[PDB]
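Asker: Residue numbers (the deposited numbering), protein chains in the order written: chain A, 2 to 61; chain B, 52 to 100; chain C, 10 to 140; chain D, 1 to 63; chain E, 18 to 124; chain F, 347 to 395.
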RNA sequence: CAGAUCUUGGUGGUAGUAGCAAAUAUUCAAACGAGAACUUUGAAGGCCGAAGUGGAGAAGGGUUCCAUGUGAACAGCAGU
RNA sequence: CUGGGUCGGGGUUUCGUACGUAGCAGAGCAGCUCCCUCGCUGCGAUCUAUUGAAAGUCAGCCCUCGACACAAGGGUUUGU
């Protein structure tokens with residue numbers, strides 16, 4: 002299935018580039034029928050997707 | 052393969068007489084063969100048969 | 010006898026070789042090896058111990074600007090003896106000579122290849138050390 | 001045949017091997033290979049090099 | 018039997034000698050699949066993603082000379098396939114590679 | 347190998363040869379040690395003993 | 001009508017040939033699916049390296065925007 | 001003729017002495033002393049010992065008889 006739509010919405014809601022969005026890989030079914038920002042905003046709070054942290058860039 | 056050798060030489064008159072020389076050689080390993088068959092040839096005006 | 014077993018020719022026409030005697034020259038400019046018949050489009054090459062015509066390009070004004078026969082003493086190209094040791098000196102070298110085969114100067118600095126000392130006995134008389 | 005010790009190492013040079021280089025002040029030296037060739041021609045001190053015979057004899061290594 | 022599982026030490030420096038630089042790691046994979054298919058004989062080989070990290074770890078221009086591989090054949094244990102058998106390759110990290118044999122292991 | 351047709355009579359082909367040194371150092375690199383028994387004597391003991 | 005380097009339409013040999021080589025690079029697993037070198041997710045390795053392979057505009061395009069679906073045709077292989 | 005295949009082992013060979021630890025080594029500086037004083041603790045490029053060590057070694061090198069499994073099969077034909 003095309004999880005692209007869910008990825009773009011998960012970037013706008015989280016306010017981060019879609020590199021960082023992490024759609025869960027084992028649960029591609031429940032995301033597939035969540036295609037409105039009234040559910041993806043819900044779908045985050047249950048942890049089924051999250052925002053990946055920035056890759057480290059150490060000045061040490 | 053190939054390998055060196057060192058020998059004297061006794062060519063009379065050469066500027067190399069009675070001195071060492073090194074000379075690249077081969078090594079052709081030759082186990083003894085085994086005879087199994089005989090063939091006879093007859094001369095024909097056409098050729099050998 | 011007259012053996013001169015092939016030694017790797019390493020100074021083609023154009024080689025500038027340090028003069029090695031007291032005639033006052035400092036550079037021999039080879040123009041043509043002596044004794045080479047050659048092939049279409051091949052520069053003659055002068056080995057060690059080969060008479061070779063040469064025009065001094067830097068030294069006594071008497072010597073410069075004329076063609077003098079020369080002999081190559083030390084060559085930089087590693088040449089083989091006939092016993093498997095590849096002797097090669099530190100620089101090109103030479104010495105002015107008459108076409109009768111005898112030196113013009115009387116003091117050679119540096120070593121001399123054993124190939125020369127066997128060929129031109131006049132050079133082998135003045136050689137400091139036949140290396 | 002005569003064996004000639006290297007001038008940058010101690011390894012024996014058998015008659016077929018090596019190459020010989022004679023500077024323009026009257027000294028011939030034997031070299032076993034090209035590794036010992038361009039070490040001397042760069043003047044690297046033959047006793048600061050961890051594999052020569054001279055170095056192994058200087059620190060008395062093995063003795 | 019037909020569920021036999023055993024270690025191996027795949028030498029991927031002699032299956033790679035003589036290849037270009039951008040096609041070195043991707044060639045290491047096929048030389049692993051040409052290993053399972055020759056050893057076990059089954060035509061389904063499923064390289065575990067932990068291995069794909071372990072063969073790309075250095076880069077693509079350089080791959081570890083020896084990689085230690087556990088060839089666990091299976092009988093469609095947790096799947097169902099048209100082929101009855103398929104070997105699931107796996108990674109067995111080790112700090113040394115001296116005096117290691119191809120020993121068998123408990124199933 | 348085949349015995350020769352061209353009869354040889356020159357000096358160079360009627361030579362009697364007695365060798366002096368059949369070189370046997372390794373060809374798999376610039377060899378420097380004729381025999382193993384010689385190699386271990388110049389090196390000595392190792393950490394692999 | 002045999003022709004005019006004739007007009008229009010059509011078909012060959014060439015030919016399954018030239019070719020699909022400008023800018024470093026892809027791999028492993030999983031999903032729907034009839035089908036997967038290419039689609040989507042995840043893991044890894046790379047690049048564009050802020051005078052950008054980034055974020056917005058003016059000319060110009062005019063519905064390409066967004067969603068659901070399709071496997072005629074086009075996307076010089078393929079394609080969910 | 002048991003066969004070769006893989007891993008390991010040694011021989012060769014390439015480069016030059018690994019990580020780790022210890023040193024009353026180490027040009028100096030800093031902190032603390034019953035101020036003893038080459039006293040004690042620290043940073044310190046490097047050198048020394050363990051160390052011809054470490055690593056690669058056929059993919060077109062050699063020998064093994066050590067571990068492992070595999071090995072006589074499958075498809076297309078041909079008649080005086």
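Don't be surprised by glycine CBs; every beta carbon is placed ideally from N, CA and C.
Looking at the C-beta of residue 369 of chain F, does it have a partner C-beta in chain D at a distance below 8 angstroms?
Answerer: By one-based count along the sixth chain, residue 369 of chain F stands at place 23. Yes, residue 369 of chain F counts as interfacial toward chain D.
Asker: Quick check on DSSP: helix, strand or coil for residue 87 of chain C?
Answerer: Position 78 of the third chain holds residue 87 of chain C. Here DSSP, grouped into helix, strand and coil, assigns residue 87 of chain C to coil.
Asker: Using the beta-carbon of each residue, which ones in chain F are nearer than 9 angstroms to residue 57 of chain B?
Answerer: Residue mapping note: residue 57 of chain B aligns to position 6 of the second chain, counting from 1. The answer, in chain order, is 365, 366, 367, 368, 369.
Asker: Any chance the segment 80-93 of chain B sits against the segment 66-78 of chain C, with 3 or more Cβ pairs inside 8 angstroms?
Answerer: no
Asker: Report the start-end ranges of each beta strand (DSSP E) in the segment 8-33 of chain D that is 3 residues or longer and not cut off at the edges.
Answerer: Fully enclosed beta strand (DSSP E) runs of 3 or longer: 19-23, 27-31.
Asker: Report all residues from its chain with a CB closer than 7 angstroms to the CB of residue 22 of chain C; omit the five preceding and five following residues, and keep chain order.
Answerer: The residue you call residue 22 of chain C lines up with position 13 of the third chain. Cβ neighbours of residue 22 of chain C beyond the five flanking positions: 39, 40, 41, 52, 53.
Asker: Does DSSP put residue 65 of chain C in a helix, a strand or coil?
Answerer: Along the third chain, one-based indexing puts residue 65 of chain C at 56. Coil, per DSSP.
Asker: Could you give the first and the last residue of the continuous beta strand (DSSP E) run that contains residue 90 of chain E?
Answerer: Along the fifth chain, read from residue 1 onward, the residue named residue 90 of chain E stands at position 73. Per DSSP, residue 90 of chain E belongs to the beta strand (DSSP E) from 83-91.
Asker: Along the segment 58-77 of chain B, where does the CB come closer than 8 angstroms to a CB of chain C? Name the residues.
Answerer: 64, 65, 66, 67, 70, 71, 72, 73
Asker: Here's the rule: buried if 16 or more other CB atoms are within 10 angstroms of the residue's CB, otherwise exposed. What is residue 115 of chain C?
Answerer: By one-based count along the third chain, residue 115 of chain C stands at place 106. Its Cβ having fewer than 16 others within 10 Å, residue 115 of chain C is exposed.
Asker: Distance cutoff 8 angstroms, beta carbons only. Does residue 10 of chain D sit that close to anything in chain B?
Answerer: The sequence position of residue 10 of chain D within the fourth chain is 10, counting from 1. No, residue 10 of chain D does not count as interfacial toward chain B.
Asker: Between the Cα of residue 40 of chain A and those of A/3, A/11, A/2, spot the shortest distance and give me the residue it belongs to.
Answerer: On the first chain, residue 40 of chain A is found 39 positions in, with the first residue counted as 1. For residue 40 of chain A, the nearest C-alpha among the options comes from A/11.
Asker: In whole angstroms, give me the CA-to-CA distance for residue 70 of chain B and residue 37 of chain C.
Answerer: Along the second chain, read from residue 1 onward, the residue named residue 70 of chain B stands at position 19. Along the third chain, read from residue 1 onward, the residue named residue 37 of chain C stands at position 28. Near 35 angstroms, if we compare the C-alpha coordinates of residue 37 of chain C and residue 70 of chain B.
Asker: Would you please verify whether the beta carbon of residue 55 of chain D is less than 8 angstroms from any beta carbon of chain F?
Answerer: For the purposes of this step, residue 55 of chain D is taken as the residue at position 55 of the fourth chain. By this cut-off, residue 55 of chain D is not an interface position.
Asker: How should residue 17 of chain D be labelled, buried or exposed, when 16 other C-beta atoms within 10 angstroms of its C-beta is the threshold for buried?
Answerer: Here residue 17 of chain D corresponds to residue number 17 of the fourth chain, with the count starting at 1. So residue 17 of chain D ends up on the buried side.
Asker: Please list, in chain order, the chain D residues whose beta carbon lies closer than 8 angstroms to that of residue 380 of chain F.
Answerer: By one-based count along the sixth chain, residue 380 of chain F stands at place 34. The contacting residues are 14.
Asker: Does DSSP classify residue 79 of chain C as helix, strand or coil?
Answerer: Residue numbering aside, residue 79 of chain C sits at position 70 when the third chain is read from its first letter. It is a strand residue.
Asker: Report the neighbours of residue 52 of chain B on chain F: residues whose CB is nearer than 7 angstroms to its CB, in chain order.
Answerer: Residue numbering aside, residue 52 of chain B sits at position 1 when the second chain is read from its first letter. Correct list: 373.
Asker: Taking the continuous beta strand (DSSP E) assigned at residue 60 of chain A, which residues delimit it?
Answerer: Residue mapping note: residue 60 of chain A aligns to position 59 of the first chain, counting from 1. Residue 60 of chain A -> no beta strand (DSSP E), and no H or E assigned at all.
Asker: Can you tell me which of C/118, C/61, C/78, C/112 puts its alpha carbon nearest to the alpha carbon of residue 18 of chain C?
Answerer: Stepping through the third chain from its first residue, residue 18 of chain C is reached at position 9. Of the candidates C/118, C/61, C/78, C/112, the residue whose Cα lies closest to the Cα of residue 18 of chain C is C/61.
Asker: Whose CA, out of D/61, D/6, D/43, D/12, lies closest to the CA of residue 28 of chain D?
Answerer: On the fourth chain, residue 28 of chain D is found 28 positions in, with the first residue counted as 1. If we check each option's Cα against that of residue 28 of chain D, D/6 comes out closest.
Asker: Quick one: residues in its chain with C-beta nearer than 8 angstroms to the C-beta of residue 78 of chain C, no 5 flanking neighbours on either side, listed in chain order?
Answerer: For the purposes of this step, residue 78 of chain C is taken as residue 69 along the third chain, with counting starting at 1. Closer than 8 angstroms at the Cβ level, and outside the excluded window around residue 78 of chain C, lie 43, 60, 61, 62, 63, 105, 106, 107, 108.
Asker: Express the C-alpha separation of residue 393 of chain F and residue 49 of chain D in angstroms, rounding to a whole number.
Answerer: The residue given as residue 49 of chain D occupies position 49 in the fourth chain. The residue given as residue 393 of chain F occupies position 47 in the sixth chain. Answer to the nearest angstrom: the Cα atoms are 20 angstroms apart.
Asker: For chain F, is any of its Cβ atoms less than 8 angstroms away from the one on residue 32 of chain D?
Answerer: Along the fourth chain, read from residue 1 onward, the residue named residue 32 of chain D stands at position 32. With 8 angstroms as the cut-off, residue 32 of chain D counts as an interface residue toward chain F.
Asker: Excluding the five sequence neighbours on either side, which residues of its own chain have a C-beta within less than 8 angstroms of the C-beta of residue 109 of chain E, listed in chain order?
Answerer: As a working mapping, residue 109 of chain E is identified with position 92 in the fifth chain. Cβ within range, chain order: 24, 85, 86, 87.
Asker: Step through the CB atoms of chain B and report whether any lies within less than 8 angstroms of the CB of residue 140 of chain C.
Answerer: By one-based count along the third chain, residue 140 of chain C stands at place 131. No - not a single Cβ of chain B is within 8 angstroms of the one on residue 140 of chain C.
Asker: Ends of the beta strand (DSSP E) at residue 23 of chain A?
Answerer: The residue labelled residue 23 of chain A in the question sits at position 22 within the first chain. Segment 22-24, the beta strand (DSSP E) holding residue 23 of chain A.
Asker: I need the DSSP call for residue 39 of chain D, collapsed to helix, strand or coil.
Answerer: For this step, residue 39 of chain D is matched to residue 39 along the fourth chain. In the structure shown, residue 39 of chain D sits in a helix (DSSP, three-state: H, G or I).
Asker: Please confirm if residue 87 of chain C has its CB atom under 8 angstroms from at least one CB of chain D.
Answerer: Mapped onto the third chain, residue 87 of chain C falls at position 78. Answer yes: the Cβ-Cβ gap between residue 87 of chain C and chain D drops below 8 angstroms somewhere.
Asker: How big is the Cα-Cα spacing for residue 100 of chain E and residue 60 of chain E?
Answerer: Counted from its first residue, the fifth chain places residue 100 of chain E at position 83. Counted from its first residue, the fifth chain places residue 60 of chain E at position 43. If I take the Cα positions, the gap works out to 8 angstroms.
Asker: Report buried or exposed for residue 31 of chain E, applying the criterion of at least 16 other Cβ atoms within 10 angstroms of its Cβ.
Answerer: By 1-based counting over the fifth chain, the position of residue 31 of chain E is 14. Exposed: under 16 other Cβ atoms inside 10 Å.
Asker: Residue 41 of chain C versus chain B: which residues are under 7 angstroms apart at the beta carbon?
Answerer: Taking the third chain and counting its residues from 1, one reaches residue 41 of chain C at position 32. Within chain B, no residue comes near residue 41 of chain C; the closest Cβ sits about 26 angstroms away, beyond 7 angstroms.
Asker: From the DSSP secondary-structure annotation, give me the bridge partner or partners of residue 17 of chain C.
Answerer: For the purposes of this step, residue 17 of chain C is identified with residue 8 of the third chain, where counting begins at 1. Paired residue(s): none; residue 17 of chain C is not in a bridge.
Asker: Grouping DSSP H, G and I as helix and E and B as strand, with all else coil, what is residue 50 of chain E?
Answerer: Here residue 50 of chain E corresponds to residue number 33 of the fifth chain, with the count starting at 1. In the structure shown, residue 50 of chain E sits in a helix (DSSP, three-state: H, G or I).
Asker: Am I right that residue 124 of chain C and residue 58 of chain C are in contact with their C-beta atoms under 8 angstroms? What's the rounded C-beta distance?
Answerer: Here residue 124 of chain C is taken as the residue at index 115 of the third chain, counted from 1. Here residue 58 of chain C is taken as the residue at index 49 of the third chain, counted from 1. Indeed, because the Cβ distance is near 4 angstroms, the residues count as touching under 8 angstroms.
Asker: Suppose contacts are defined by Cβ-Cβ distances below 8 angstroms. Is residue 397 of chain F in contact with residue 58 of chain B by that definition?
Answerer: The requested residue 397 of chain F is not part of the displayed model; chain F covers only 347 to 395.
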